[PDB]
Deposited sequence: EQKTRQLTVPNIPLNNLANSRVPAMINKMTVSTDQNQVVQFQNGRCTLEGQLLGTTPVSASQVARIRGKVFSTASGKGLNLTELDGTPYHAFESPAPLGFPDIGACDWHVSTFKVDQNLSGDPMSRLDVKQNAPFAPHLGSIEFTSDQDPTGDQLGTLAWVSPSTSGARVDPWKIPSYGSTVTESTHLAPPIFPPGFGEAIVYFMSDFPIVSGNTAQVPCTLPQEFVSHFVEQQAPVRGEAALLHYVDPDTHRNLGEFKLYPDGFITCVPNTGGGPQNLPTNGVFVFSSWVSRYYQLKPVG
């Protein structure tokens, strides 16, 4: 039978930035469509987009410096073959990235870190296997690192982390709010954004759970309960869809942002696509 991880929300990682989840929310416009490329996995365990398996692959970049830019590789150094980008590549669109890297095969001295400042303008072509950067340091060779922070693409612009990059690209498809009155649940993390939290649609440990289990889909949606692990009380009903995202019906004026963050999702039963949830 399908299961979801027996891990409380506050011990689950974001699948789009290296951070822990600290709350759930729904979008202000509950019809908003998203197309995240990380955190994407079907219930049967099919990875989509650039989604990697481990939380320590999320939003990291590796490549060989050319001088300047990176000729991208997979995170293990093996060749990237022109998926939208290497697995784990960040998907925070329409902003500058600031990526902290080190030289992998190097006897290191001094300060080993370089910060790569990356713009999402014309030379940003990760699908083709390269990006450009500027840096106040002097990185060379095989650089591996992690998205550290983001900032506006142009002066006065705002960063919207609900957007994805233009990779060129075999994108994971958009997610449309399904059914009637349902709102997609977004799992939020603090992250340093110059000029708001970063949303994702599955906690990272849910992605690896589905990859490991390869459970067959036996209905149109899976009803989950979000349970207090001490009193065992059901705190809310949620629907987990085969395409790999979760919805709720938010109480008017409220929603899952009002729930405690130490609850555990538990599979309850397979239900009909239009099963109508108790508002939360």
Missing C-alpha runs, given along the deposited sequence, first residue counted as 1: 1-5, 73-76, 92-93, 180-185, 213-215, 301
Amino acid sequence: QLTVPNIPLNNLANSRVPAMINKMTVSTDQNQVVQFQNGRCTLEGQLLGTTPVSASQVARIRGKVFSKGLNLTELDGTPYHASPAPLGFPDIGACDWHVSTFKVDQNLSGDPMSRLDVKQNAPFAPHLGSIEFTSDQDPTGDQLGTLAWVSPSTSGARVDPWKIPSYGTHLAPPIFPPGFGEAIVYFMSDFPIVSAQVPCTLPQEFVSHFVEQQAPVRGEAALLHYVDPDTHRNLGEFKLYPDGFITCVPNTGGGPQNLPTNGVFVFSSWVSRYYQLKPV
From here on, numbers count along this sequence of modelled residues.
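Rigid core: the largest C-alpha set superposing within 1.5 Å between the two forms.
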Please tell me which region, 174-182 or 205-213, has C-alphas lying farther from the displayed form on average in 5 other deposited structures of this protein, with superposition done on the core. 174-182
Between 146-154 and 108-116, the one drifting more in C-alpha RMS in 5 other deposited structures of this protein once the core is aligned is 108-116
Given 85-93 and 157-165, the range whose Cα B-factors average higher in the PDB entry: 157-165
Comparing 221-229 with 248-256, where is the mean C-alpha B-factor higher? 248-256
Determine which member of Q204, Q106, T101, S151 has the highest CA B-factor, using the values in the deposited entry. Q106
From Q35, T28, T42, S56, which pick has the Cα B-factor that tops the rest in the entry? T28
Here the Cα B-factor of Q46, set against its chain, lands in the third termed middle
Splitting the chain's C-alpha B-factors into thirds, which one does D138 fall into? highest
Please place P8 in the lowest, middle or highest third of its chain according to the CA B-factor in the PDB entry. lowest
Splitting the chain's C-alpha B-factors into thirds, which one does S269 fall into? highest
Assigned third (lowest, middle, highest) for the C-alpha B factor of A183: middle
